[PDB]
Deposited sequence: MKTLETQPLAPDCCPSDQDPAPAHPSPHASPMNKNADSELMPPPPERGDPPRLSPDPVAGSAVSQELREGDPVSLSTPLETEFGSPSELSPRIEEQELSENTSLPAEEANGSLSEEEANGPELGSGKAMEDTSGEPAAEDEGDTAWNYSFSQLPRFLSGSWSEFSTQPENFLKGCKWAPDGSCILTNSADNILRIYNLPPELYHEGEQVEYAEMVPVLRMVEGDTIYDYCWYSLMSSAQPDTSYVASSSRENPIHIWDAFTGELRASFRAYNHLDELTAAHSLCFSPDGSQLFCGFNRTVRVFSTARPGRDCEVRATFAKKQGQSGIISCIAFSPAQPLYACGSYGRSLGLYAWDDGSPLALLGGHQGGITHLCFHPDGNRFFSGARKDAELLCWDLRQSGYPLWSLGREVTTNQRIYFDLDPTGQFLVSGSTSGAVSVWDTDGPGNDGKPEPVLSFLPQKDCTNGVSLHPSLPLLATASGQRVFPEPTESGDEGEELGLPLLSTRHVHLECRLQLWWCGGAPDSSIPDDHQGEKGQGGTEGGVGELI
């Protein structure tokens, strides 16, 4: 890590709007392309050295987008694994097709009085057979084949806002704006643990390729907490950040689990195992994403005002 070379930037499609910003960026699980969301509720897909980058695909969505996710496998070895899932404010769950860009399926979820409820946080299973999404107090568990209205409700704190699974054992975790982490079994639905923690509302979780470590952020809490599961104890260490707004500030690892990267609300970019800063630019830096094969990185930009897109080495 020695001041990563500046290889490319978009900063051209986000220009026709009075105010506009980005809300993350994600590599495909193979290497092919990158997924972007912005403040006009439009998804865009980019493909992998001196000129402005243009995207191959645009998806229009309507009101406002609470999430998105690449299909669990997405190996381009075979065609029918090119998915991207999406959620919005009134609408149901959509599943878009990543080559032509026309809708393939929907996954609506229904109340106890037959009105519709939107989802706040979705995530696929390891084997990619199910779809979990989180609601005001519960999670709903659709199967991937046989779409439509058919849930399998599991009950419980507050709005569940992000889900993530364990690499090597049956387990999953759910974070909420009620400032708590729930740990449940993959198949039954029993809370196996319930741990306290932050000051603000949780906004991201992430696991380590060991199956032991565990990392999590927050909404206005200016710190980042580490955990462990062999020891059911409480935070083992703690790190530093800065967050003065109510947005997701992403962070990630790299494939072998040696380096961690963060974002921040001044512009700078942490690194740990503590190492280096390497400013991306001058506005807020939300969303930071690392390629699964070669050394590469991607960073987004933007904040409310009461605007670029970069790739480094």
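A.B. asks: In sequence order, which parts of the deposited sequence are missing C-alpha coordinates?
C.D. replies: 1-150, 199-209, 318-324, 442-452, 486-503, 511-548 are the stretches of the deposited chain that have no C-alpha coordinates in the structure.
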